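Accompanying notes for the structure given below.
These values consider heavy atoms only, across backbone and side chains, with no hydrogens, waters or symmetry-generated copies. Sequence positions, counted from 1, serve as the residue numbers for this chain. Counting starts at 1 for both ligands and their atoms, following the listed order.
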Amino acid sequence: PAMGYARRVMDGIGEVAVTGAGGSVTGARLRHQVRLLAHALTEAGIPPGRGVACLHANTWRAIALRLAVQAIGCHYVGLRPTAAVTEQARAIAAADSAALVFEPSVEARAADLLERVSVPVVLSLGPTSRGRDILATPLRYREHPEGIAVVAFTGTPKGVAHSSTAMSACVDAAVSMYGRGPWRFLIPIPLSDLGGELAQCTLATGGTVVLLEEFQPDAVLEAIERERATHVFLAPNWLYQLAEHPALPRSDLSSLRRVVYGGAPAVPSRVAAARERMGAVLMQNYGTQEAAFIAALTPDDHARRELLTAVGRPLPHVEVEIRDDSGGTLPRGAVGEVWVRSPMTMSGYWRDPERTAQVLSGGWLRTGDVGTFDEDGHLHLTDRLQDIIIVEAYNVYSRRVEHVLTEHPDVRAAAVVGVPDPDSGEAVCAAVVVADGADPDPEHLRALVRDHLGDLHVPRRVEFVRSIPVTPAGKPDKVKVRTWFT
Ligand SMILES: Nc1ncnc2c1ncn2[C@@H]1O[C@H](COP(=O)(O)O)[C@@H](O)[C@H]1O
Ligand SMILES: CC(=O)c1nc(C(=O)O)cc2c1[nH]c1ccccc12
């Protein structure tokens, strides 16, 4: 039964559940809030099969809200703070939302949204103009008819539907990666997506969530020492900022058992630097919206240069194959599409079987990534499938070219893209972020690529840029970079 997940999380909640700016929230008090919010949502006439769209910051009540939405047999639809109003609004409609719950601090955006899309019930976490204040008896669970816990939105936004079973499996995966708890887990990523699942993993294992509204290196350092945090999750760029910060050696981070980073391709040289400066606590995570968790790179893995280009070994119960355009399994060392079968994979795109069937086949999920396994069974990603540069029936993997460029001491980041060319097939182009106050020779960089990879991989055009543009999700916006060179 689908209510098993929400109950698992509830069941786990320990003495102290959340800490933040304002101070601590006991297990008791959080449990109470779930019951409260659950009852209020039930009473407001929200039926089991439907979604509850939620717009909030990184607050402890938002932790309760997700759990309440799931407990009452609904599917949580976390509205991403970085997303545009038109994307958020499309998401509310497509997810079959029976409600919009929002926090006062984002009433402006809530109003904006409600001009664009209609919704039966509009509720708010505290007094507000545009909605009814929920905050004014045991937890009464209902079952989602189709067992969905979460719908999270991605060309054009698809809604990834994750089962209650899949989210339960994620707890087991989290334990297998992060240690037995309790964890004091610092979460500065938004509670609307992975952040919110990590909070649930943390609660379920008897730990304490430590919330920050945003990432600042000073604040994270301070928080780790002050709350004696054991775990934290960072975007790769945040890792680099934290590791390179001047106050790091001054700070006491002896409490850390895991500094977790992922969600975007890592710069090997910057990771190596972080591994040196931060010690044996570095762990990388690889997943996708469709796949959830796939692989992790341990702190001991980070002590082999050869593995700094890897995502790591697949997690327990995660089957991975490398496959050709046809669909046949390739040998170790060969490069092809990464396919995944696991208890954590999506059920499908919400109310879209046509698109789902292009991505699932035989219980296997097409990640959209391309890569290969090494002799010791670590997965190495060479590219997003859309980012491969084809020259006359040869594959140039843009990440391999970036790795070489970024190894140069005067280069911090690189985005390599192809643009079409009749005489070269496609022309390799590189946007490069330079170090500090450095001024490397484009030709040295071309020469470096030429020595390591060969003639075809060498970028014709090299542009120095202040930063690599990112998507709202925080990934390299390689469609933007592509436009710079057309
Ligand atoms: N730890 C990681 N290392 C490298 N790439 C990653 C990592 N985590 C996520 N990604 C990339 O992000 C993609 C999934 O993002 P999304 O489609 O937004 O869920 C994957 O296909 C990967 O290429
Ligand atoms: C583990 C990880 O880094 C990760 N990345 C993404 C991504 O989109 O890059 C997505 C997920 C990741 N872990 C997950 C667990 C459950 C559901 C979704 C995810």
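Interface atoms of ligand 1 facing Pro265, defined by a heavy-atom separation under 4.0 Å, are 4 (C), 5 (N). For ligand 1, the atoms closer than 4.0 angstrom to any heavy atom of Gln284 are 1 (N), 2 (C), 3 (N). Using a 4.0 Å cut-off to heavy atoms of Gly262, the atoms of ligand 1 that qualify are 1 (N). Residue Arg384 approaches ligand 1 through these ligand atoms, each under 4.0 Å from one of its heavy atoms: 13 (C), 14 (C), 17 (O), 20 (C), 21 (O). When each atom of ligand 2 is checked for a heavy atom of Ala292 under 4.0 Å away, the hits are 14 (C), 15 (C), 16 (C), 17 (C), 18 (C), 19 (C).
With a 4.0 Å cut-off on non-hydrogen atoms, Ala264 touches ligand 1 through its backbone and not its side chain. When heavy-atom distances to ligand 1 are checked against a 4.0 Å cut-off, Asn285 comes that close only through its backbone atoms N, CA, C and O. The side chain of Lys475, and not its backbone, has at least one atom closer than 4.0 Å to an atom of ligand 2 (non-hydrogen atoms only; side chain from C-beta on). Contacts of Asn285 with ligand 2, taken as heavy-atom pairs under 4.0 Å, involve both backbone and side chain.
Screening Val69, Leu65, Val101 for a side chain to side chain contact (heavy atoms under 4.5 Å, CB included) with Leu37, the sole residue that qualifies is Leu65. Of the listed residues (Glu276, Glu244, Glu402), just one forms a salt bridge (charged side-chain N to carboxylate O under 4.0 Å, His left out) with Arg270, and that residue is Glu244.
Distances between N or O atoms of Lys475 and those of ligand 1 include at least one value under 3.5 Å. Between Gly263 and ligand 1, an N or O atom pair is found at a separation short of 3.5 Å. Checking only distances, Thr288 never comes within under 3.5 Å of ligand 1, N or O to N or O.
Here the shortest heavy-atom distance to atom 2 (C) of ligand 2, taken over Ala473, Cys201, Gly287, belongs to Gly287. Of all the listed residues (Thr345, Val160, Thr288, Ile294), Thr288 holds the heavy atom that lies closest to atom 11 (C) of ligand 2.
Proximity of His380 to ligand 1 is not established, as no heavy-atom distance is less than 4.0 Å. Within the 4.0 Å heavy-atom shell around ligand 1 one finds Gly287. Residue contact annotation: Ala473 has no non-hydrogen atom under 4.0 Å from ligand 1.
No more than 12 heavy atoms of other residues, nucleotides or ligands shown are found within 6.0 angstrom of CZ on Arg7.
In this structure, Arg258 is not positioned above the aromatic face of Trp183 in the sense of NZ or CZ being under 6.0 Å from the six-membered ring centre and within 45° of the axis.
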> Should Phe233 and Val259 be marked as a side-chain contact (heavy atoms from CB on, under 4.5 Å) after you check the CA-CA gap, both sets of side-chain angles, and the distance that decides it?
Replying inline: CA-CA 6 Å; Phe233 194 104; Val259 174; over 6 Å; no

>> Please evaluate residues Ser398 and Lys478 with respect to the criterion side-chain contact (heavy atoms from CB on, under 4.5 Å), reporting the C-alpha separation (whole Å), side-chain torsions for both, the decisive distance (0.1 Å), and the verdict.
In response: CA-CA 10 Å; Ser398 50; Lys478 274 192 194 189; 2.9 Å; yes

> After noting the C-alpha distance and the side-chain angles of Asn58 and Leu212, does the key distance pass the side-chain contact (heavy atoms from CB on, under 4.5 Å) rule?
Replying inline: CA-CA 7 Å; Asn58 280 26; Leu212 287 173; over 6 Å; no

>> Using the rule given for side-chain contact (heavy atoms from CB on, under 4.5 Å), can you reason through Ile388 versus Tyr397, listing the C-alpha separation, both sets of side-chain angles and the distance that settles it, and then say yes or no?
In response: CA-CA 5 Å; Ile388 301 170; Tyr397 300 109; 4.0 Å; yes

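Classified by interplanar angle (parallel below 30°, tilted 30° to 60°, perpendicular above 60°), the ring pair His231/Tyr178 is perpendicular.
Of all protein heavy atoms, the one lying nearest to atom 5 (N) of ligand 1 is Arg399 NH1, 3.5 Å. Scanning the protein heavy atoms around atom 20 (C) of ligand 1, the nearest turns out to be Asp369 OD2, 3.0 Å. Scanning all protein heavy atoms for the shortest distance to atom 19 (O) of ligand 1 gives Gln289 N, 2.9 Å.
Not a single donor-acceptor pair under 3.5 Å links the side chain of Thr19 to the backbone N or O of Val210. Remark: side-chain polar atoms of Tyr349 are not paired, donor with acceptor, to backbone N or O of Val359 under 3.5 angstrom.
Between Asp387 and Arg482 there is a salt bridge, since a side-chain N of the basic residue sits under 4.0 Å from a carboxylate O of the acidic one.
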